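K.L.:
model-v8.cif is reproduced below (mmCIF, C-alpha atoms).
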```cif
data_protein
loop_
_atom_site.label_atom_id
_atom_site.label_comp_id
_atom_site.auth_asym_id
_atom_site.auth_seq_id
_atom_site.Cartn_x
_atom_site.Cartn_y
_atom_site.Cartn_z
CA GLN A 1 -30.80 -113.00 7.63
CA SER A 2 -34.34 -114.06 6.56
CA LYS A 3 -36.46 -111.50 4.50
CA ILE A 4 -35.31 -108.16 2.90
CA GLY A 5 -37.21 -106.35 0.05
CA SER A 6 -40.11 -108.90 0.14
CA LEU A 7 -43.84 -108.48 -0.68
CA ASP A 8 -45.31 -110.96 1.83
CA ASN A 9 -49.15 -110.78 2.26
CA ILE A 10 -50.82 -108.18 -0.02
CA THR A 11 -54.15 -107.28 -1.61
CA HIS A 12 -53.63 -104.62 -4.30
CA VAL A 13 -56.76 -103.45 -6.17
CA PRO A 14 -56.04 -100.37 -8.42
CA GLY A 15 -59.22 -101.28 -10.43
CA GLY A 16 -62.91 -100.30 -9.80
CA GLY A 17 -66.23 -102.19 -9.44
CA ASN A 18 -64.64 -105.34 -7.94
CA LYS A 19 -66.26 -107.31 -5.02
CA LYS A 20 -64.99 -109.91 -2.47
CA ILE A 21 -61.23 -109.64 -3.26
CA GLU A 22 -59.26 -111.55 -0.57
CA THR A 23 -55.85 -112.95 0.46
CA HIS A 24 -55.27 -115.41 3.35
CA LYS A 25 -52.03 -116.75 4.95
CA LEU A 26 -51.80 -119.21 7.90
CA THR A 27 -48.58 -120.81 9.20
CA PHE A 28 -48.47 -123.64 11.75
CA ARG A 29 -45.04 -124.61 13.15
CA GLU A 30 -44.76 -127.17 16.01
CA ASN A 31 -48.43 -127.04 17.33
CA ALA A 32 -50.31 -129.81 19.25
CA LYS A 33 -47.14 -131.50 20.69
CA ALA A 34 -47.29 -134.16 23.42
CA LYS A 35 -44.05 -135.44 25.07
CA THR A 36 -44.38 -138.02 27.90
CA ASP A 37 -40.99 -139.19 29.12
CA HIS A 38 -38.81 -140.98 31.75
CA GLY A 39 -41.35 -142.70 34.13
CA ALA A 40 -44.48 -140.60 33.51
CA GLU A 41 -48.02 -142.00 32.92
CA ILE A 42 -51.08 -140.49 31.18
CA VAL A 43 -54.41 -142.20 31.97
CA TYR A 44 -57.14 -140.98 29.60
CA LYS A 45 -60.89 -141.83 29.56
CA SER A 46 -60.18 -145.28 31.05
CA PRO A 47 -62.26 -145.55 34.26
CA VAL A 48 -62.43 -148.65 36.50
CA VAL A 49 -66.06 -149.87 36.60
CA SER A 50 -67.20 -152.57 39.10
CA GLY A 51 -70.71 -151.12 39.57
CA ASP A 52 -73.68 -152.17 37.37
CA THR A 53 -75.08 -149.68 34.75
CA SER A 54 -78.51 -149.49 33.03
CA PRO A 55 -78.83 -146.44 30.70
CA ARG A 56 -82.24 -146.76 28.93
CA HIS A 57 -84.44 -144.55 26.72
CA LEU A 58 -81.63 -142.06 25.88
CA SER A 59 -81.82 -139.91 22.68
CA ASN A 60 -78.95 -137.78 21.23
CA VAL A 61 -79.21 -135.53 18.14
CA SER A 62 -76.79 -133.19 16.29
CA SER A 63 -78.40 -131.20 13.40
CA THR A 64 -77.35 -128.23 11.23
CA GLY A 65 -78.65 -126.52 8.04
CA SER A 66 -75.04 -126.21 6.80
CA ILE A 67 -71.40 -126.17 7.99
CA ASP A 68 -68.86 -123.98 6.09
CA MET A 69 -65.29 -124.51 7.39
CA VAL A 70 -63.05 -122.11 5.40
CA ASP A 71 -59.27 -121.93 6.25
CA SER A 72 -60.04 -123.60 9.69
CA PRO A 73 -57.92 -126.80 10.10
CA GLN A 74 -58.18 -129.22 13.05
CA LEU A 75 -54.87 -130.20 14.73
CA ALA A 76 -55.31 -132.74 17.57
CA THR A 77 -52.90 -134.66 19.91
CA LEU A 78 -54.15 -136.87 22.82
CA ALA A 79 -57.54 -135.22 22.11
CA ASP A 80 -60.88 -136.86 21.16
CA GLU A 81 -64.06 -134.93 20.20
CA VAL A 82 -62.63 -131.92 18.26
CA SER A 83 -65.51 -130.66 16.03
CA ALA A 84 -67.59 -127.74 14.73
CA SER A 85 -70.87 -129.21 16.13
CA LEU A 86 -71.22 -131.79 18.95
CA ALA A 87 -74.00 -133.64 20.81
CA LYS A 88 -72.74 -135.98 23.56
CA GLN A 89 -74.00 -138.46 26.24
CA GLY A 90 -71.67 -139.87 28.96
CA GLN B 1 -30.57 -116.21 3.10
CA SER B 2 -34.18 -117.52 3.12
CA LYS B 3 -35.97 -115.05 0.70
CA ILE B 4 -34.93 -111.69 -0.91
CA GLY B 5 -36.65 -109.81 -3.82
CA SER B 6 -39.53 -112.25 -3.34
CA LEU B 7 -43.26 -111.88 -4.04
CA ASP B 8 -45.08 -114.44 -1.87
CA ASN B 9 -48.87 -114.51 -1.24
CA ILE B 10 -50.38 -111.78 -3.48
CA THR B 11 -53.62 -110.67 -5.16
CA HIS B 12 -53.07 -107.90 -7.74
CA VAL B 13 -56.22 -106.65 -9.55
CA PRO B 14 -55.89 -103.60 -11.85
CA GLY B 15 -58.82 -105.12 -13.89
CA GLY B 16 -62.47 -104.08 -13.19
CA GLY B 17 -66.04 -105.34 -12.60
CA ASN B 18 -64.68 -108.71 -11.27
CA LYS B 19 -65.90 -110.93 -8.36
CA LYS B 20 -64.52 -113.59 -5.92
CA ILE B 21 -60.76 -113.21 -6.54
CA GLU B 22 -59.02 -115.21 -3.79
CA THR B 23 -55.47 -116.40 -2.87
CA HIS B 24 -54.57 -118.85 -0.06
CA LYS B 25 -51.35 -120.14 1.59
CA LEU B 26 -51.17 -122.69 4.42
CA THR B 27 -47.93 -124.20 5.76
CA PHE B 28 -47.80 -127.04 8.31
CA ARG B 29 -44.35 -127.97 9.75
CA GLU B 30 -43.99 -130.56 12.56
CA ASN B 31 -47.59 -130.37 13.98
CA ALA B 32 -49.45 -133.07 15.94
CA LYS B 33 -46.25 -134.90 17.18
CA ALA B 34 -46.52 -137.48 19.96
CA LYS B 35 -43.20 -138.64 21.43
CA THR B 36 -43.22 -141.25 24.22
CA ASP B 37 -39.97 -142.48 25.58
CA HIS B 38 -37.84 -144.21 28.25
CA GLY B 39 -40.34 -145.97 30.64
CA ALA B 40 -43.44 -143.87 29.88
CA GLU B 41 -46.99 -145.25 29.44
CA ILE B 42 -50.18 -143.83 27.84
CA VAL B 43 -53.49 -145.65 28.63
CA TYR B 44 -56.20 -144.33 26.33
CA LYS B 45 -59.98 -145.15 26.11
CA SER B 46 -59.38 -148.64 27.59
CA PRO B 47 -61.38 -149.05 30.86
CA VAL B 48 -61.20 -152.09 33.13
CA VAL B 49 -64.80 -153.33 33.41
CA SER B 50 -66.19 -155.99 35.81
CA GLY B 51 -69.77 -154.77 36.49
CA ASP B 52 -72.63 -155.55 34.08
CA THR B 53 -73.84 -152.98 31.49
CA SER B 54 -77.31 -152.92 29.85
CA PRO B 55 -77.82 -149.98 27.40
CA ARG B 56 -81.34 -150.15 25.81
CA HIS B 57 -83.42 -148.14 23.30
CA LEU B 58 -80.54 -145.62 22.83
CA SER B 59 -80.95 -143.47 19.66
CA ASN B 60 -78.22 -141.34 18.02
CA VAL B 61 -78.68 -139.03 14.98
CA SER B 62 -76.10 -136.88 13.20
CA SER B 63 -77.81 -134.95 10.33
CA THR B 64 -77.03 -131.98 8.06
CA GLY B 65 -78.16 -130.23 4.87
CA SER B 66 -74.46 -129.82 3.84
CA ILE B 67 -70.77 -129.68 4.89
CA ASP B 68 -68.34 -127.51 2.80
CA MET B 69 -64.71 -127.89 3.99
CA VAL B 70 -62.28 -125.56 2.16
CA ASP B 71 -58.55 -125.17 3.03
CA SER B 72 -59.30 -126.97 6.36
CA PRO B 73 -57.24 -130.21 6.69
CA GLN B 74 -57.45 -132.58 9.70
CA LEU B 75 -54.17 -133.55 11.45
CA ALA B 76 -54.60 -136.12 14.27
CA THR B 77 -52.20 -138.18 16.53
CA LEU B 78 -53.47 -140.33 19.47
CA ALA B 79 -56.69 -138.43 18.73
CA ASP B 80 -59.92 -140.26 17.96
CA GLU B 81 -63.29 -138.66 16.95
CA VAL B 82 -62.07 -135.52 15.07
CA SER B 83 -64.84 -134.26 12.73
CA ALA B 84 -67.00 -131.38 11.33
CA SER B 85 -70.32 -132.66 12.89
CA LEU B 86 -70.54 -135.26 15.64
CA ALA B 87 -73.14 -137.19 17.68
CA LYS B 88 -71.84 -139.59 20.38
CA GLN B 89 -73.09 -142.02 23.07
CA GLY B 90 -71.13 -143.85 25.80
CA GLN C 1 -29.54 -122.50 -5.17
CA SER C 2 -33.31 -122.12 -4.31
CA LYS C 3 -34.57 -118.43 -4.29
CA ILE C 4 -33.81 -114.73 -4.81
CA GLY C 5 -36.35 -112.91 -7.09
CA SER C 6 -39.00 -115.67 -6.87
CA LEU C 7 -42.79 -115.37 -7.16
CA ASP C 8 -44.47 -117.98 -4.94
CA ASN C 9 -48.33 -117.91 -4.99
CA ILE C 10 -50.13 -115.14 -6.97
CA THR C 11 -53.35 -114.01 -8.66
CA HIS C 12 -52.79 -111.31 -11.31
CA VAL C 13 -56.08 -110.15 -12.88
CA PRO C 14 -55.59 -107.10 -15.23
CA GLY C 15 -58.65 -108.17 -17.28
CA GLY C 16 -62.30 -107.22 -16.48
CA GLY C 17 -65.65 -109.07 -15.97
CA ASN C 18 -64.03 -112.31 -14.65
CA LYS C 19 -65.43 -114.40 -11.73
CA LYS C 20 -64.13 -117.16 -9.38
CA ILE C 21 -60.32 -116.66 -9.83
CA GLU C 22 -58.61 -118.77 -7.18
CA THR C 23 -55.03 -119.83 -6.26
CA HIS C 24 -54.12 -122.26 -3.41
CA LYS C 25 -50.85 -123.59 -1.91
CA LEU C 26 -50.86 -126.02 1.01
CA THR C 27 -47.53 -127.54 2.13
CA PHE C 28 -47.00 -130.24 4.76
CA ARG C 29 -43.61 -131.23 6.30
CA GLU C 30 -43.16 -133.82 9.12
CA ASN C 31 -46.73 -133.64 10.60
CA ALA C 32 -48.51 -136.42 12.57
CA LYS C 33 -45.29 -138.30 13.53
CA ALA C 34 -45.62 -140.69 16.51
CA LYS C 35 -42.43 -142.08 18.09
CA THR C 36 -42.40 -144.70 20.85
CA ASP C 37 -39.05 -145.81 22.15
CA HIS C 38 -36.92 -147.64 24.77
CA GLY C 39 -39.26 -149.50 27.22
CA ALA C 40 -42.42 -147.39 26.62
CA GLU C 41 -46.01 -148.54 25.91
CA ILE C 42 -49.28 -147.22 24.45
CA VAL C 43 -52.61 -148.94 25.26
CA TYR C 44 -55.36 -147.68 22.95
CA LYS C 45 -59.08 -148.63 22.73
CA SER C 46 -58.27 -152.15 24.10
CA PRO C 47 -60.17 -152.44 27.44
CA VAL C 48 -60.18 -155.49 29.72
CA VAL C 49 -63.83 -156.65 30.04
CA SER C 50 -65.24 -159.27 32.49
CA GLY C 51 -68.70 -157.74 33.07
CA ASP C 52 -71.65 -158.91 30.98
CA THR C 53 -72.79 -156.46 28.24
CA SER C 54 -76.36 -156.63 26.81
CA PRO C 55 -76.96 -153.75 24.30
CA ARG C 56 -80.55 -153.97 22.83
CA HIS C 57 -82.62 -151.84 20.41
CA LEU C 58 -79.73 -149.38 19.68
CA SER C 59 -80.19 -147.09 16.60
CA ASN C 60 -77.33 -145.03 15.06
CA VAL C 61 -77.74 -142.70 12.04
CA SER C 62 -75.33 -140.46 10.08
CA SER C 63 -76.94 -138.40 7.26
CA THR C 64 -76.10 -135.42 5.01
CA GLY C 65 -77.28 -133.85 1.73
CA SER C 66 -73.72 -133.37 0.38
CA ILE C 67 -70.08 -133.24 1.62
CA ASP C 68 -67.59 -131.06 -0.33
CA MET C 69 -63.92 -131.51 0.70
CA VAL C 70 -61.63 -129.10 -1.22
CA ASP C 71 -57.91 -128.76 -0.24
CA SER C 72 -58.73 -130.58 3.04
CA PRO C 73 -56.51 -133.71 3.32
CA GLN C 74 -56.66 -135.96 6.42
CA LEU C 75 -53.35 -136.94 8.15
CA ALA C 76 -53.95 -139.59 10.86
CA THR C 77 -51.43 -141.54 13.10
CA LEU C 78 -52.59 -143.74 16.09
CA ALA C 79 -55.94 -141.88 15.51
CA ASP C 80 -59.11 -143.77 14.45
CA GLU C 81 -62.41 -141.98 13.61
CA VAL C 82 -61.20 -138.90 11.60
CA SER C 83 -64.14 -137.84 9.31
CA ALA C 84 -66.48 -135.02 8.19
CA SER C 85 -69.82 -136.29 9.71
CA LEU C 86 -69.77 -138.78 12.60
CA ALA C 87 -72.39 -140.78 14.55
CA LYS C 88 -70.95 -143.13 17.26
CA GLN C 89 -72.16 -145.53 20.01
CA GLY C 90 -70.12 -147.60 22.57
CA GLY D 1 -84.70 -171.91 46.05
CA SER D 2 -81.83 -170.61 43.91
CA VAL D 3 -78.13 -169.76 44.48
CA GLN D 4 -76.03 -167.36 42.40
CA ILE D 5 -72.40 -166.69 43.37
CA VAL D 6 -70.57 -163.97 41.40
CA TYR D 7 -66.81 -163.75 42.01
CA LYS D 8 -65.16 -161.00 39.82
CA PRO D 9 -62.42 -159.05 41.71
CA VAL D 10 -59.97 -156.75 39.87
CA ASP D 11 -56.25 -156.27 40.79
CA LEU D 12 -54.16 -153.62 38.95
CA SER D 13 -50.54 -153.88 40.22
CA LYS D 14 -48.01 -151.58 38.44
CA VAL D 15 -44.31 -151.14 39.31
CA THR D 16 -42.11 -148.65 37.45
CA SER D 17 -38.61 -148.57 38.85
CA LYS D 18 -35.32 -146.93 37.60
CA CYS D 19 -36.65 -145.00 34.53
CA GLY D 20 -34.94 -141.68 35.54
CA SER D 21 -31.44 -140.31 34.77
CA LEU D 22 -29.01 -142.18 37.09
CA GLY D 23 -25.18 -141.74 37.42
CA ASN D 24 -24.68 -140.32 33.85
CA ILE D 25 -21.55 -138.10 33.23
CA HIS D 26 -21.36 -135.01 30.91
CA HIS D 27 -18.25 -133.02 29.77
CA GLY E 1 -80.47 -176.45 45.63
CA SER E 2 -79.94 -174.97 42.11
CA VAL E 3 -76.37 -173.45 41.73
CA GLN E 4 -74.48 -170.98 39.51
CA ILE E 5 -70.82 -170.08 40.34
CA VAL E 6 -69.32 -167.39 38.07
CA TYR E 7 -65.61 -166.99 38.69
CA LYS E 8 -63.89 -164.35 36.50
CA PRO E 9 -61.12 -162.50 38.41
CA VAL E 10 -58.97 -160.04 36.40
CA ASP E 11 -55.28 -159.45 37.28
CA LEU E 12 -53.20 -156.90 35.31
CA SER E 13 -49.64 -156.94 36.70
CA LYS E 14 -46.99 -154.83 34.87
CA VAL E 15 -43.31 -154.28 35.85
CA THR E 16 -40.85 -151.96 34.03
CA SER E 17 -37.35 -151.91 35.54
CA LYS E 18 -34.22 -150.04 34.13
CA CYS E 19 -35.83 -148.35 31.12
CA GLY E 20 -34.17 -144.94 31.64
CA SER E 21 -30.60 -143.63 31.20
CA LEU E 22 -28.17 -145.33 33.62
CA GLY E 23 -24.37 -144.81 33.91
CA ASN E 24 -23.95 -143.49 30.30
CA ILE E 25 -20.96 -141.18 29.58
CA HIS E 26 -20.89 -138.25 27.08
CA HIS E 27 -17.68 -136.46 25.99
CA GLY F 1 -81.73 -179.48 40.33
CA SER F 2 -78.87 -177.91 38.30
CA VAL F 3 -75.21 -176.85 38.82
CA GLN F 4 -73.17 -174.46 36.61
CA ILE F 5 -69.52 -173.54 37.24
CA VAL F 6 -67.95 -170.92 34.93
CA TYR F 7 -64.23 -170.59 35.60
CA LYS F 8 -62.63 -167.83 33.40
CA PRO F 9 -59.78 -166.01 35.29
CA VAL F 10 -57.65 -163.45 33.37
CA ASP F 11 -53.93 -162.80 34.00
CA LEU F 12 -52.05 -160.27 31.72
CA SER F 13 -48.55 -160.03 33.39
CA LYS F 14 -45.83 -158.07 31.51
CA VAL F 15 -42.18 -157.54 32.56
CA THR F 16 -39.71 -155.28 30.59
CA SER F 17 -36.22 -155.16 32.19
CA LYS F 18 -33.28 -153.27 30.51
CA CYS F 19 -34.77 -151.45 27.48
CA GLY F 20 -33.16 -148.05 28.34
CA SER F 21 -29.64 -146.77 27.53
CA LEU F 22 -27.11 -148.47 29.84
CA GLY F 23 -23.30 -148.23 30.04
CA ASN F 24 -22.76 -146.57 26.60
CA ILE F 25 -19.83 -144.12 26.07
CA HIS F 26 -19.80 -141.34 23.39
CA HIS F 27 -16.52 -139.78 22.16
#
```
Spit out the file's structure as structure tokens when you get a sec.
P.N.:
Amino acid sequence: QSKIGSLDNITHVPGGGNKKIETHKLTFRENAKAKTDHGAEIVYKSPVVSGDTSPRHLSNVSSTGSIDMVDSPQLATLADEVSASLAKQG
Amino acid sequence: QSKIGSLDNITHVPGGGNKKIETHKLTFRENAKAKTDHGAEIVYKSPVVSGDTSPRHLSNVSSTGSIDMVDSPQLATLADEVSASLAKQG
Amino acid sequence: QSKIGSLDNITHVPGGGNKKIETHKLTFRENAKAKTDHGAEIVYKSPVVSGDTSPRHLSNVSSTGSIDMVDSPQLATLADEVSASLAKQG
Amino acid sequence: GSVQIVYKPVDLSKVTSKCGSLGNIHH
Amino acid sequence: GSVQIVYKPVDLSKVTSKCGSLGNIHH
Amino acid sequence: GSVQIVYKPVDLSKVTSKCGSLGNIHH
């Protein structure tokens, strides 16, 4: 057994004239799992460059008025650029 | 027996004329694991480079008015550039 | 013993004219574990470089008015650049 | 006149052999 | 004449042999 | 008249031989 007579995730507002009354629940079990095993290989963002490269006069901008991140976690495995706002060259 | 007559994540508001009454529950069990085992290999963001590179006059701006992070943790394994706002070159 | 009739995470507001009544629980078990075992290997941000590299006149800027981090811990393993606002080159 | 000789080869040999499950017994 | 020789070979051998599970018994 | 020789080879050999589980018995 696990849960019986339980009160788990509730808003109860018998009153009047209230505003923005809120209740949040998030559960994360076993997310963002990598398993690489026996004789496997992962090759990630590691190119082989023998050619010559001349990137010039590049401009990159990320701008925002505001970022609100409410109850929004970031879980990352073998990832890189996990974000709310991104501006990217190459 | 995990829970029984139990009251967990609850707002109760019989009062009146109130504002911004909030209740939050986050649980994080075993997230963002990386297991690597036996003969396995991960090669990550490590190029082999033999050609010449000549990046010039590159400009990169990340800007904001504000960042409000609430109830939003960051959990990262073999990750790299995990963020709210991001600007990236090369 | 641990729980029967338990009360875990609650706002009770029977009074009137209140504002900003808040209640938070975050819990974190066994997150961001990395395990490397037997004959395995991880190569991470450690390139092999024999080309010539001549970066010139590079500008990088990270700017904000304010950063609020409430109930937002950072849990990093074999990560690197975990942050709120991020400007990166190379 | 001018002479420039660039010699920069790359060689990336990998061998990964008996990393499986071999001859193991279960009961 | 004027001379430059630039000699920078790169060689990245790896060998991994019996790094698995071999002949183990479970009972 | 000028001569420049720049000799910078790179060798990164690795060998890993018996780092698995071998010949163990569980009872």
K.L.:
Show me the residues close to (-22.4, -140.9, 25.1) - anything with an atom within 10 Å, counting all atoms listed in the file - and format the list as a VMD selection string.
P.N.:
(chain D and resid 24 to 26) or (chain E and resid 23 to 27) or (chain F and resid 21 23 to 27)
K.L.:
Could you tell me how far CA of residue 29 in chain C sits from CA of residue 35 in chain B, in Å to one decimal place?
P.N.:
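Taking CA of residue 35 in chain B and CA of residue 29 in chain C, their separation equals 16.9 Å.
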K.L.:
Put chain F on top of chain E with a least-squares fit on all C-alpha atoms, paired in order, and send it back as a compact mmCIF listing (two decimals) with C-alpha atoms, keeping the file's coordinate frame.
P.N.:
```txt
# COMPACT_ATOMS: atom_id res chain seq x y z
CA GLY F 1 -82.83 -176.21 43.73
CA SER F 2 -79.97 -174.62 41.71
CA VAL F 3 -76.31 -173.58 42.22
CA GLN F 4 -74.27 -171.17 40.03
CA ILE F 5 -70.61 -170.27 40.65
CA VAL F 6 -69.05 -167.62 38.37
CA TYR F 7 -65.32 -167.31 39.02
CA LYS F 8 -63.73 -164.53 36.85
CA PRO F 9 -60.86 -162.74 38.74
CA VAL F 10 -58.73 -160.16 36.85
CA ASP F 11 -55.01 -159.53 37.46
CA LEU F 12 -53.13 -156.98 35.21
CA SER F 13 -49.62 -156.77 36.86
CA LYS F 14 -46.91 -154.80 34.99
CA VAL F 15 -43.25 -154.29 36.03
CA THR F 16 -40.78 -152.02 34.07
CA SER F 17 -37.28 -151.93 35.65
CA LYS F 18 -34.35 -150.03 33.98
CA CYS F 19 -35.85 -148.16 30.98
CA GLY F 20 -34.22 -144.78 31.88
CA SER F 21 -30.70 -143.50 31.07
CA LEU F 22 -28.16 -145.24 33.34
CA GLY F 23 -24.35 -145.01 33.52
CA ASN F 24 -23.83 -143.31 30.10
CA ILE F 25 -20.89 -140.86 29.59
CA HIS F 26 -20.87 -138.05 26.94
CA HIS F 27 -17.59 -136.48 25.71
```
K.L.:
Could you list the residues chosen by the PyMOL selection byres ((chain A) within 12 of (chain E)) in this structure as a list in words?
P.N.:
residues 37, 38, 39, 40, 48 and 50 of chain A
K.L.:
Compile the contact shell of residue 90 in chain B as JSON, numbers by chain: residues with an atom at most 7 Å away, counting all atoms listed in the file, same-chain residues fewer than 4 positions apart removed.
P.N.:
{"A": [89, 90], "C": [89, 90]}
K.L.:
Measure the distance from CA of residue 79 in chain A to CA of residue 72 in chain B in Å and round it to one decimal.
P.N.:
17.9 Å
K.L.:
Could you tell me which residues the PyMOL selection byres ((chain C and resi 57-61) around 8) grabs in this file, written as a PDB file with C-alpha atoms, in the coordinates of the input?
P.N.:
```pdb
ATOM      1  CA  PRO B  55     -77.820-149.980  27.400  1.00  0.00           C
ATOM      2  CA  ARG B  56     -81.340-150.150  25.810  1.00  0.00           C
ATOM      3  CA  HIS B  57     -83.420-148.140  23.300  1.00  0.00           C
ATOM      4  CA  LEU B  58     -80.540-145.620  22.830  1.00  0.00           C
ATOM      5  CA  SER B  59     -80.950-143.470  19.660  1.00  0.00           C
ATOM      6  CA  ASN B  60     -78.220-141.340  18.020  1.00  0.00           C
ATOM      7  CA  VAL B  61     -78.680-139.030  14.980  1.00  0.00           C
ATOM      8  CA  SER B  62     -76.100-136.880  13.200  1.00  0.00           C
ATOM      9  CA  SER B  63     -77.810-134.950  10.330  1.00  0.00           C
TER      10      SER B  63
ATOM     11  CA  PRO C  55     -76.960-153.750  24.300  1.00  0.00           C
ATOM     12  CA  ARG C  56     -80.550-153.970  22.830  1.00  0.00           C
ATOM     13  CA  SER C  62     -75.330-140.460  10.080  1.00  0.00           C
ATOM     14  CA  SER C  63     -76.940-138.400   7.260  1.00  0.00           C
ATOM     15  CA  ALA C  87     -72.390-140.780  14.550  1.00  0.00           C
ATOM     16  CA  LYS C  88     -70.950-143.130  17.260  1.00  0.00           C
ATOM     17  CA  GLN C  89     -72.160-145.530  20.010  1.00  0.00           C
TER      18      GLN C  89
END
```
K.L.:
Could you give me the axis-aligned bounding box of range 73-81 of chain A, with 5 Å of padding per side, as centre plus edge lengths in Å to one decimal, as lines of an AutoDock Vina configuration file?
P.N.:
```
center_x = -58.5
center_y = -131.8
center_z = 16.5
size_x = 21.2
size_y = 20.1
size_z = 22.7
```
K.L.:
If you measure from CA of residue 36 in chain A to CA of residue 77 in chain C, what distance in Å do you get, rounded to one decimal?
P.N.:
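Straight-line distance from CA of residue 36 in chain A to CA of residue 77 in chain C works out to 16.8 Å.
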K.L.:
For this file, the PyMOL selection byres ((chain A and resi 3) around 9) selects which residues, as a PyMOL selection string?
P.N.:
(chain A and resi 1-2+4-6) or (chain B and resi 1-6)
K.L.:
Next, write the just-selected residues to a file, as a PDB file, in the coordinates of the input, keeping C-alpha atoms as the atom set.
P.N.:
```
ATOM      1  CA  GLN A   1     -30.800-113.000   7.630  1.00  0.00           C
ATOM      2  CA  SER A   2     -34.340-114.060   6.560  1.00  0.00           C
ATOM      3  CA  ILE A   4     -35.310-108.160   2.900  1.00  0.00           C
ATOM      4  CA  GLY A   5     -37.210-106.350   0.050  1.00  0.00           C
ATOM      5  CA  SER A   6     -40.110-108.900   0.140  1.00  0.00           C
TER       6      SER A   6
ATOM      7  CA  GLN B   1     -30.570-116.210   3.100  1.00  0.00           C
ATOM      8  CA  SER B   2     -34.180-117.520   3.120  1.00  0.00           C
ATOM      9  CA  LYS B   3     -35.970-115.050   0.700  1.00  0.00           C
ATOM     10  CA  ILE B   4     -34.930-111.690  -0.910  1.00  0.00           C
ATOM     11  CA  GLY B   5     -36.650-109.810  -3.820  1.00  0.00           C
ATOM     12  CA  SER B   6     -39.530-112.250  -3.340  1.00  0.00           C
TER      13      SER B   6
END
```
K.L.:
For residue 75 in chain A, list every protein, DNA or RNA residue within 9 Å, evaluated using all atoms listed in the file, and leave out those in the same chain fewer than 6 positions away; present the list as a count of residues only.
P.N.:
11
K.L.:
Quick one: residues within 10 Å of residue 69 in chain C, only C-alpha atoms counted, chain neighbours fewer than 4 positions away excluded, as a PyMOL selection string?
P.N.:
(chain A and resi 69) or (chain B and resi 67-73) or (chain C and resi 73+84)
K.L.:
Which one is closest to residue 64 in chain B: A:45, A:85, A:18, A:10? Count all atoms listed in the file.
P.N.:
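The answer is A:85, which sits nearest to residue 64 in chain B.
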K.L.:
With all atoms listed in the file as the counted atoms, please give the residues lying no more than 10 Å from residue 53 in chain A, apart from itself and same-chain residues fewer than 6 positions off, as a list in words.
P.N.:
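Once the adjacent positions are removed, what remains is residues 51, 52, 53, 54 and 55 of chain B; 53 of chain C.
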